[PDB]
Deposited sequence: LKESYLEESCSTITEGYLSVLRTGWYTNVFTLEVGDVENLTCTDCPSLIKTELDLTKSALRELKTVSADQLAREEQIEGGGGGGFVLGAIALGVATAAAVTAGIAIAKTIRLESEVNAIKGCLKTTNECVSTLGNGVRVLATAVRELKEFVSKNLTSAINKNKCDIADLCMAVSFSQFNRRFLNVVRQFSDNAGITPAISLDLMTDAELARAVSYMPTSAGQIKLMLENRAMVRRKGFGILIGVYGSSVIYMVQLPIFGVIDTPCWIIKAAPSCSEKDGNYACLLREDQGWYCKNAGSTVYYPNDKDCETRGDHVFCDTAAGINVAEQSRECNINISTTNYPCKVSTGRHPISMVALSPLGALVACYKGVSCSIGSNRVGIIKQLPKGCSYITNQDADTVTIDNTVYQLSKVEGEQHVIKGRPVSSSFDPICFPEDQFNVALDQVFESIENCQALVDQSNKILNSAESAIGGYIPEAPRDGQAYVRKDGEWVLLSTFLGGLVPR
């Protein structure tokens, strides 16, 4: 992580990341069964286990509608079965509950569709070099969050669904992020604003550079950006001379000339850009002293650790997160009997 301030265009580039990109989809098929329940002597009467079985049977029947392939007297013994049924058959119930809640597909691969043991084995079988496989196992919280389970169908008392794990093929390719703010000059009152429109992520692969334009498109897990190959716009590798020289007469860079000053604050990974002109007062302050200085009229770059808040005409911006309070909560004890 190393953020550089470019004063000729009022923008910053942070080049310390490594890119991991998806290059296909894996697939596993699961079949979860309810499990045998010992026969009841009565077989026709209201019992806690029978009511529990009926609810499970009814839940499966309703769940069959949201599919993809085909459709679209108290006794001590009874209590033990009712509790035992919901304990031994817990993974099955959770899968049924999750699919019903999301109505067909879960947003992410929870730890009930595919346990860790099944996840590690699946990753090791993917068609990628050893380098990619090692990285995926190191941080498997992202493969789960990038996949999505799909319900195939329901037959009898079993459930069939697909996981569709992601597959990463390009890893450890250096890349950066670019943030820009307006840079308006002035002669006698008539301004000339130049704002760079090539703002967002920027990562390289396969002899080309991708341009995920939304900061939310690519997640961050330290020195790793888990970009999704669904919004990236491929651009020529020559689209880097803009940083060195905005014009450079070589690669036309996307800029938007203006005529009216704009005052705004843009937050960077390790700082923020403060630009304000002609009317609004700017100042940088911390949680200790809020009178550090008044920013001069222009585009100024302030480090994250140098200041904590920037007030653009009575509007704090909180460069960095603010820590609150820590709580510790413990449940009540479960005494015998």
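Enquirer: Could you spell out the stretches of the deposited sequence that were left without C-alpha coordinates, going in sequence order?
Expert: Absent from the structure are positions 73-162, 428-504.
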